[PDB]
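To start, the structure itself, in C-alpha cells.
The basis for the numbers below is simple: all heavy atoms, side chains too, and nothing from hydrogens, waters or symmetry mates. Chain letters run A, B, ... following the sequence lines, proteins first and then strands; every chain starts at 1.
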There are 4 protein chains.
Amino acid sequence: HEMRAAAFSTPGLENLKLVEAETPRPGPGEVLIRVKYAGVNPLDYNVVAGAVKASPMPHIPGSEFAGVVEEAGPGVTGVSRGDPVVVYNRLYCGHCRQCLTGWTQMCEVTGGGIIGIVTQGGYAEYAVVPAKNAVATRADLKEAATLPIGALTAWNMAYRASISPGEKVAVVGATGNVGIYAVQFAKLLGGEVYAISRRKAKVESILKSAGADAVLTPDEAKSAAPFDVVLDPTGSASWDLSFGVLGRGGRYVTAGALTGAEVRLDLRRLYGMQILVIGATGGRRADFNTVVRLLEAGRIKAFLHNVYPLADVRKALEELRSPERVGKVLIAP
Amino acid sequence: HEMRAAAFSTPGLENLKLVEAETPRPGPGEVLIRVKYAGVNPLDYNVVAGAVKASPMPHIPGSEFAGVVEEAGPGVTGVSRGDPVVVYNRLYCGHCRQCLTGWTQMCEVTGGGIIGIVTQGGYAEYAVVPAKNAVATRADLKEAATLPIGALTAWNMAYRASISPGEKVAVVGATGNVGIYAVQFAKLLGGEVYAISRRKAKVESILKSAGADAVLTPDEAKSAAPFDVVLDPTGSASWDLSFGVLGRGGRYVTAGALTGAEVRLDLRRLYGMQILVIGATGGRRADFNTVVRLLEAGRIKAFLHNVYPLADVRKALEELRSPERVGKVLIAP
Amino acid sequence: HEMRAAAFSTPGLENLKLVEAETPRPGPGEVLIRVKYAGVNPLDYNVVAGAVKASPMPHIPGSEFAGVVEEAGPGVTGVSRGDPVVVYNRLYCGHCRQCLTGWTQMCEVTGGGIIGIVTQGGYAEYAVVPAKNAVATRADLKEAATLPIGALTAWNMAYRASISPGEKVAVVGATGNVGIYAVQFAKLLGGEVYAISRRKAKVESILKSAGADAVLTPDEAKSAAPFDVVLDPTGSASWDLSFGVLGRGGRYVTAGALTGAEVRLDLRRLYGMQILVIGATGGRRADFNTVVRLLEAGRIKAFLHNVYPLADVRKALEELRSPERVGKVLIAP
Amino acid sequence: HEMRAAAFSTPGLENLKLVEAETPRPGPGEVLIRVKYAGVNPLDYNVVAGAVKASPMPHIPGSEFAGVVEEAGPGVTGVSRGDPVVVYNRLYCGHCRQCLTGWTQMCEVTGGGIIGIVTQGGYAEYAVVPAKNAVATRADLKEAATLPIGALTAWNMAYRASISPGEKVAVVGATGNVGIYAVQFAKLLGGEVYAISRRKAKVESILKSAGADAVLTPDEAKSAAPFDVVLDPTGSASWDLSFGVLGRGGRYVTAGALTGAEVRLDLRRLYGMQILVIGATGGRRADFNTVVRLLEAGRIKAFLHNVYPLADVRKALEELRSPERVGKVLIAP
Ligand SMILES: NC(=O)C1=CN([C@@H]2O[C@H](COP(=O)(O)OP(=O)(O)OC[C@H]3O[C@@H](n4cnc5c(N)ncnc54)[C@H](OP(=O)(O)O)[C@@H]3O)[C@@H](O)[C@H]2O)C=CC1
Ligand SMILES: NC(=O)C1=CN([C@@H]2O[C@H](COP(=O)(O)OP(=O)(O)OC[C@H]3O[C@@H](n4cnc5c(N)ncnc54)[C@H](OP(=O)(O)O)[C@@H]3O)[C@@H](O)[C@H]2O)C=CC1
Ligand SMILES: NC(=O)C1=CN([C@@H]2O[C@H](COP(=O)(O)OP(=O)(O)OC[C@H]3O[C@@H](n4cnc5c(N)ncnc54)[C@H](OP(=O)(O)O)[C@@H]3O)[C@@H](O)[C@H]2O)C=CC1
Ligand SMILES: NC(=O)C1=CN([C@@H]2O[C@H](COP(=O)(O)OP(=O)(O)OC[C@H]3O[C@@H](n4cnc5c(N)ncnc54)[C@H](OP(=O)(O)O)[C@@H]3O)[C@@H](O)[C@H]2O)C=CC1
Ligand SMILES: [Zn+2]
Ligand SMILES: [Zn+2]
Ligand SMILES: [Zn+2]
Ligand SMILES: [Zn+2]
C-alpha cells in the first residue's frame, strides 16, 4: 500500500514536494498512526531547509503530530487500533542514567534523536513511532497536536526555572508556539507573568487570555525590571534585554536560538548578581503525560491560527514568518 | 591610642606604606578587634591597585581577618573581651528580602558592601566591624583567617552546584585560595573530585591531601570528560575547556573572573545539553557558621604557604603571583 | 493617655472584661500602632481560656491585627506616623540558625514567642510591636487583618507541601480561617483543589469563589482518592480520612490539633506508600511580605464574616463556634 | 536440567527443605542467572515464616542476590552470558507516572512487587529475573550481594532525609543490614553521624570503621539530642526515642517496622517543631546503579559476617538473630 506524503530529496523549502510514498509498517514495539494533525514549527522549517540534517533521505519531515492508531506491531499492549493518540517526539531507551531519572529527552543511548528528524515524520498520511511514545488522549486532536513541541517545551522551560509563587516572570516571544504556553505554565506555577512582544498592540488581548498579567513591549520590559525569571528561547538578538532585566538570583531559561546562538556573557555580572543561565530542551516523558491531562481537563488552552491541507505544506511552512500569525499552524493530511 | 597599619592615600601597590594610624573605636552594635591574622587574596590586591574603589581614603585594606575582641561597643552582647573571632566580611541589613531568605551577601540595602573595602580593614593592628559579623571560634586563628574569603566562597559555589553523591566534579584553579577549599567541599558532598592545575607535577600530593581523587593537567581533563560539575572561578581563559567538558545536566559554577570576564556562550550547546551556567558570590551568613564549625571539627583543613609581618605587606601581596605558592599567604600585624 | 482594652486577670472567657489601661509607649526599635482591626482565631480563644499561658497578667489578648502607626520609637526609621501596617506576629532575633535561614517562626532565642501571647496584644486601641514586625500595606486593613494568622499559616502549609502543577490537593477544614486561604494557595501553586467540608450544601458556592475546583463531603473525599497532598490542620478526628486518602508519595501537612493531638500512625503504610507527614506552624518573615503583596495585587481574597466592636468582644469570640460562620471574625476597637 | 533449591510449600522455618527443582528457562526480556551469593534478610525470613505472602507456591525465597548470567531470553540486549550481575529486586513497568519520574520501586503496574517474593528467588543455583534488573558490576559478587536490600534501602532513606553538610544524623539500628550502610551514606552526604546501639561496647569499633563519628547507647542518645535527622527502620519500640530527640525541622525516616508498626504521634509536637515523618521503601532503579558504582570505587564497604552453603539455609536464617552478628549473612549456592 502507498500514501501521500511531503518529502524532500535535497534540502530547501522549494524542494519539499507532495509525493506518493510507500506506507510504513510497524515492527515489534511500534504502532502505525494515521496522522490527523501535524504542527508547523521552526524545527520542521529548519529540517526542510537543511539547517538540521535528517535521515532517512529522501525525508518526510514533521516532528509534532497526533492521530489514530491504525495498527499495533508485534507484542504491543497498552495502545490498540482506533485509539486517538498524540506522540512524544523523543526516542528514549528507558535504561540509561538520563531515562531512569526522568530526563528521557537527554537519553544517552538515542542521543536525544527526534521523531521526524531521524525518522520519517508526520507530514504524511501515516507514520510509525514506538508504541511507548504514543499517548492516548480524549482531547480534540487539533489541540493535541500543539503539545509535543510547543506546550511540552514551554513546560520543561518553566519547570527548570524554579518559579516561586509571586515571582515576576517575563516571557520573551510570548506570541510564538512555545511562548503562548510559556505564559500559561508560568501562571499555573504562581508567577506574575509579563508577556513580551514587539506587536503589543495587536496581541495584548490574546496574551491576557493566555494568562498574562501584563503585555509589554521590549522597551516597557526594560523599565519594569527587575524580573526573577526570563523565559526566552528567541536567542542572541534578545540577550542584552533578557540578561539585563534579571535581578538577584534571576534565572534566564532558553530552549532555542531563533535569532542566533552566540551571546557575549559577562561573568562578573553573572556572579555578582547570582544569576543562573539555564538550558532546556524538549521535555520529560512523564511531563508530556501531565501536559496532555491538563489540556484534556481544560486547564491549558490551544491557540490555533490556521489549518492547511497536506498539499499546501509549503504555504503552511511560510506562514511561520507571517507578522500576523499568533497561534499554531497545523497540517491536516 | 595609635596603631600600625598598611594604608594608601592614592591607589597603586607602591603607594601601600606602613603608617601610624588613629586606632578605631566601636560604636553601638560594633566590636573592636585586635587583628592576629589576615589573609592575602586577589580582592585585597585589586583594592590596593585601584580596580575597586575603596573608602574611606586613605584606606587600610584587608577583607579577610581573624583576631581577638579588644572591646565591645554599646549594647553588644554575646561577645566578651578576649573572645577569638573570625569576621564574615559582607555588611548586611538583616531586613531586606535577600537577608530574610538567607542570601545576606546579596543584601539590597548595603550594596553588597564588603568589610575592608567600604570600611577600614584588617591589615592593621586593630579593626572595627559590626558585632553580628564577628563569629566566635575555637580554631587556630591562622586557619580561621582562611575562611571568610577562600573557604566561604568555595562553600557557596559547591552549594549552588547541587552536587549529588557520585557525580564527577572538576575544580579548575584547584591550587588557589578558593579552589583548595572547593576540592574539599566537593568531596564532603560526596563527589568524585578531579583537581585541575597547570602545575600537576608540583602540586599533586597536596591536592590529594585536600581530598582530590585525581589531579589533571588541562589536556588530561579533556580526556576525563564528561563532568557533571565544574567549579571554576578563573574566568575566560578556562571557559572553552570548562564549558566543553560538561556532560548532560552539567553545572558550571563561577565566583570570579581572574583571567577575564567575557566569554562567548553558545546557546545551542547550553540548551542541547541542558547545562546550567551559575553565578556564585560570597556566601550566606548562616553558611559561614557552618564553615567555621567544619574547620573546628577537622572536616576541612587550611593550607598555609607563608606568614608575613605587617611591614612586609608589599611582599605579601606580590606573593599572590608566585608560581611556587600553593596555599594561603597570611599577614600577622 | 489611657486606652480601652479587653483583658483578663484570670483565665476564662467570662473573666474577659473591657477595661481602661495604661496606653503603652514604644521603646527603641518599637512602634505604637493604633489598631483598626484584629482577627478572632482559636489562638485568641485558647489564650483567653487558659489553655495557653499568657504573659503579662493581667493580659490583653489578640495576636492578629492591623492598623496605623501612632508613634515611632527612638531610632526607628523607615516607617512614619500614619503609615498603615499589618503585624507579623512571631518574635525573632535575626541572629540564630533559624532566623538566618529564613525560618523566623522557629527562632531559637525567642522560642517562637507570639505577640498577644507573650506581649499585650491588639484587643485594644493601641499596642506596641517591634518595628521590623510591622509591614506597610496599601490594602484594606480589614482584609489585611486576616493575614498574620489565617493566610500566612496556610501559605506555610502549602509551601511545605511541595505542590507541583496538576497534583490533586484536598483541604480539610476549607471553611475555616486557615482552610479558606489554603484553598487559594493550593490553586495558586497549580494544584487541582478539592475542598472538603462537613457542610457542603451551605458553603459550596463560597469555597468555589475561593478557587476550589470541587467541594466534597468526607464520603465523597474517600471516593475521589487518591490525593497527592492533604492540607489538614483539624487534628485527630480527621486523621483516618486524611491519611487514608493519600496516594503514593503523598504529603499530609498539618498546622493544628483542633479536634485532638494524638493519632495512631501505621509506619508500614507510611513507608509502603512513601508518604510524608509534615508539620507546619506560623510562617516565615519573608513569606509574610509575599502574602501581603498577594492581597494587595488581588491574587488572594479575604472572606469576612462579621465585625464586632471592642465592647462585644466576648460575643465575637463566641462567634467562633457558631455553625453558620464562614469567614473571618474581626474585632474593631 | 534440574538444580538445587531451598523451597517451602507451607510457611514456617521447619518446612524449608532442600529440594531438587526444575531449572528455570528465561523468556523474552529475561536472563537466567547462576546465583553465586544471596543475602539473608528479615524480609527473606518473614517470607519463609509466612508474615509476607509469596507466589508461586511452592516457593523459592531469596530477594537479594548476585551471580553470573547463564542464558538470555529472546530479544535481550545489554546483558550477556558471562556478565557478573547484581539484581535490582523491584519489578517495574517503566511506563507509569512513578517509573517515568524515577520512583521505580513505587510502580503502579507491578504494585512494587519484589523478586523472590512474587517470583522464585535466589536461594537456589539458578534464578530468572528481568534483564533490565540485572546490573553488571566489576565488584566482588560477595559484596555486591549486600546492595539490593541493605545498601539501596539505606541510600533511599538518606536520600529522602535531605541531609545538609554539618547536620546531626542519628542512625538507630546501625549494626543492622540497613543501618550499617545508612551510617556510610549519611557520612558521604556530609552529616555528622551518630550510630545508636544497645551493644555499643561490643560493636563500637566496627561502626566507627563504617564512618560513624560517635556511637551511642539509647540513653546516651536522649542526652545528645537534638538531631537533625533520625534514620530508623526499627519501628515502634524505638519511636519515643527517635521522635523525641528530633530538633527543629527534624526528619524521621523509616523503611521498616521491625519491632512493631504502630506508633502514637503527637501532632502538636509535629507542627510546633516543623518535624517531617517520612516513609521510604526500596530504592530507585537509577540510584541502584549509583550504589554499585560507589561499591566498585570503595566509597562504601560491605560488612560481611558469615557465608553458609545452600544446605545450611535454615541455620543462615536462624543466624539473623545471633546477638554476635554484625554484618551480612550470605548463602552461596
Ligand atoms: N529545544 C527544543 O525542544 C525546542 C526549541 N525551539 C526553539 O525555540 C525558538 C522559538 O520557537 P517558537 O516559539 O516555535 O518560535 P515562534 O516563531 O513561534 O515564536 C518566536 C517569537 O519570538 C518573537 N521574535 C521573532 N523574531 C524576533 C527577533 N528577531 N527579535 C526579538 N523577538 C523575535 C516573535 O514574537 P513577537 O513578534 O510578538 O515579538 C515570535 O512570535 C526556536 O529557535 C526553536 O527552534 C522550539 C521548540 C522546541
Ligand atoms: N566572588 C567572591 O566573593 C570571590 C571571588 N574571587 C575570585 O575568584 C578568582 C580566584 O580567586 P583565588 O582562588 O583566590 O585565586 P588564586 O590565584 O589563589 O587561584 C587561582 C588559580 O587559578 C589558576 N590559574 C591562574 N591563571 C590561570 C590561567 N591563565 N589559566 C588556567 N588557570 C589559571 C592557578 O592554578 P594553577 O597554576 O595550578 O593551574 C591559580 O592557582 C579571582 O578572580 C577572585 O577575584 C575570590 C574570592 C571570593
Ligand atoms: N500553627 C499556627 O501558627 C496556627 C495554628 N492554627 C490551628 O489550626 C487549626 C484550624 O484553625 P482555623 O482555620 O482557625 O480553625 P476554624 O475553626 O476556623 O476552621 C476549622 C474547620 O474545620 C472543620 N471542622 C471544625 N470542627 C471540626 C470537627 N469537630 N471535626 C471535623 N472537622 C471540623 C470545619 O469546617 P466544616 O465544618 O465546613 O467541615 C471548620 O470550619 C486550629 O487547631 C488552630 O489552633 C490556626 C492558625 C495558625
Ligand atoms: N522497605 C524496604 O524496602 C526494606 C525494609 N526493611 C525493614 O527494615 C527493618 C530493619 O532491617 P535490617 O537492617 O535488615 O534489620 P537488622 O536486624 O539486620 O538490624 C536491626 C537492628 O536494630 C536493632 N534492633 C533489633 N531488634 C531491636 C529491638 N528489639 N529493639 C531495639 N532495637 C533493635 C539491632 O541493633 P543493636 O543490637 O546494635 O542495637 C539490629 O541490629 C526490618 O523491619 C526490615 O524488614 C529492610 C530492607 C528493605
Ligand atoms: Zn536512555
Ligand atoms: Zn539586607
Ligand atoms: Zn532567631
Ligand atoms: Zn511502573
With a 4.5 Å limit on heavy-atom distance, are the side chains of [X] and [Y] in contact?
| X | Y | answer |
| --- | --- | --- |
| B:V109 | B:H95 | no |
| B:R90 | B:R285 | no |
| A:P42 | A:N177 | yes |
| B:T254 | B:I278 | no |
| A:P233 | A:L258 | no |
| A:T281 | B:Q274 | yes |
| C:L295 | C:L147 | yes |
| C:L189 | C:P165 | no |

When you look at B:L276 and A:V277, which way does the side chain to side chain contact (heavy atoms under 4.5 Å, CB included) test go after all the steps?
CA-CA 6 Å; B:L276 306 78; A:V277 169; over 6 Å; no
Give the minimum heavy-atom separation between [X] and [Y], together with the two atoms involved.
| X | Y | result |
| --- | --- | --- |
| B:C93 | B:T110 | N-CG2, 4.1 Å |
| A:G211 | A:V193 | O-CB, 4.4 Å |
| B:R97 | C:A286 | NH1-CB, 4.1 Å |
| A:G39 | A:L330 | CA-CD2, 3.9 Å |
| A:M273 | A:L246 | CE-O, 4.0 Å |
| A:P218 | A:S197 | CD-O, 3.5 Å |

Test your reading of the model: is there a side-chain donor-acceptor pair from [X] to the backbone of [Y], 3.5 Å cut-off?
| X | Y | result |
| --- | --- | --- |
| A:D228 | A:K168 | yes |
| A:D232 | A:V171 | no |
| A:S322 | A:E318 | no |
| B:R251 | B:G249 | yes |
| C:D83 | C:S80 | yes |
| A:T259 | A:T234 | yes |
| C:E167 | C:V229 | no |
| A:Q184 | A:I180 | yes |
| A:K301 | A:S209 | yes |
| B:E262 | B:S236 | no |

Go through A:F303 and A:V326 one step at a time and tell me if the side chain to side chain contact (heavy atoms under 4.5 Å, CB included) criterion holds.
CA-CA 8 Å; A:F303 290 87; A:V326 181; 5.7 Å; no
Apply side chain to side chain contact (heavy atoms under 4.5 Å, CB included) to the pair C:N289 and C:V292, showing each step before the final yes or no.
CA-CA 5 Å; C:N289 300 324; C:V292 169; 5.6 Å; no
Show the numbers, then the answer: is there a side chain to side chain contact (heavy atoms under 4.5 Å, CB included) between B:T104 and B:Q98?
CA-CA 6 Å; B:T104 49; B:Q98 302 303 141; over 6 Å; no
To the nearest 0.5 angstrom, please state how far the [atom1] atom of [X] sits from the [atom2] atom of [Y].
| X | Y | atom1 | atom2 | result |
| --- | --- | --- | --- | --- |
| A:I300 | A:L188 | CD1 | CG | 8.5 Å |
| B:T101 | B:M106 | OG1 | CE | 10.0 Å |
| A:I275 | A:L265 | CD1 | CG | 9.0 Å |
| A:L152 | A:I149 | CG | CD1 | 9.5 Å |
| A:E64 | A:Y88 | CD | OH | 13.5 Å |
| A:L207 | A:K200 | CG | NZ | 10.5 Å |

Looking only at side-chain N and O atoms, does [Y] offer a donor or acceptor that is under 3.5 Å from a partner on [X]?
| X | Y | answer |
| --- | --- | --- |
| A:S238 | A:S242 | no |
| A:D219 | A:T217 | no |
| A:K328 | A:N41 | yes |
| A:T137 | A:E296 | yes |
| A:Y181 | A:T146 | yes |
| A:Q105 | A:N156 | yes |

Do NZ/NE/NH1/NH2 and the carboxylate oxygens of A:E192 and A:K187 come within less than 4.0 Å?
no
Output yes when A:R284 and A:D287 qualify as a salt bridge under the 4.0 Å nitrogen-oxygen rule, no when they do not.
yes
Cation-pi, B:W103 ring and B:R160 (6.0 angstrom, 45 degrees)
yes
Start with the C-alpha distance between B:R268 and B:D266, add both sets of side-chain angles, then the distance that settles salt bridge (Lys or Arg N to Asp or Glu O under 4.0 Å), and finish with yes or no.
CA-CA 6 Å; B:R268 235 178 312 96; B:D266 172 20; 3.4 Å; yes
Ring centroid separation for A:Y252 and A:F243, is it under 6.0 angstrom?
no
Mind telling me whether A:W155 and A:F185 have parallel, tilted or perpendicular rings, with 30° and 60° as the class edges?
perpendicular
Between A:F227 and A:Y194, what is the ring plane arrangement, given parallel below 30°, perpendicular above 60°, and tilted in between?
perpendicular
